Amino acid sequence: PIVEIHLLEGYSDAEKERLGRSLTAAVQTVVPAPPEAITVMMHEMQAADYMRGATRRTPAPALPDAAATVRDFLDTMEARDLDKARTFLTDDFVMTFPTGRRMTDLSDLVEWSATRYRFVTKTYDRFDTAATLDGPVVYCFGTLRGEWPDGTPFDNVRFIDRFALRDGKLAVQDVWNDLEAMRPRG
């Protein structure tokens, strides 16, 4: 198939590359063509050349790459810089962790997790973005290395995180992992 999209000028070459990959993948959820067979053409318009409601329109500035926002937030959390982490978040951000623990304060999380392990470090196997009609949703998964509270090291403990965004800011985090499954029981 061939996809054309009409948009106002002002998007970067990198924003366009994202949009083009995104449209190409959307086609592949219905049409089992290889990416190589799918064309995306973008038609950029000056403000004077576009009109809706008999008025000119001003383009909404692009959203940031949601997957990179998510990675940057989780990197900031591993560096323990909470002041910076809170800048990625909506005022009503909610996280849910294993056991169903629901928290709204990043410091509540740190208290809670101290009892569960000394530290943990994420290795990422993959980021997937799920385009929805309420904006993008980010899934990332891979493995954890760390130490149980007695200093015993572990590695390779599967994890997965899900983030919902709102106007580029993180609004909901959900977390699932294999920690309780691999924890030693004496």
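Quick note: we count residues from 1 along the sequence shown, nothing fancier.
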Averaging only over Cα atoms, indicate whether 26 to 34 or 52 to 60 has the higher B-factor in the PDB entry. 52 to 60
Tell me which stretch, 104 to 112 or 67 to 75, has the higher mean Cα B-factor listed in the entry. 104 to 112
Criterion, highest CA B-factor; candidates, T132, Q46, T129, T143: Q46
So, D155's CA B-factor, relative to its chain, sits in which third? The middle
Among the chain's modelled residues, which third holds the C-alpha B-factor of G20? lowest
If you rank every modelled residue in this chain by C-alpha B factor, which third holds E9: lowest, middle or highest? highest
Rank-wise, by C-alpha B-factor, drop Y117 into the lowest, middle or highest third of its chain. highest
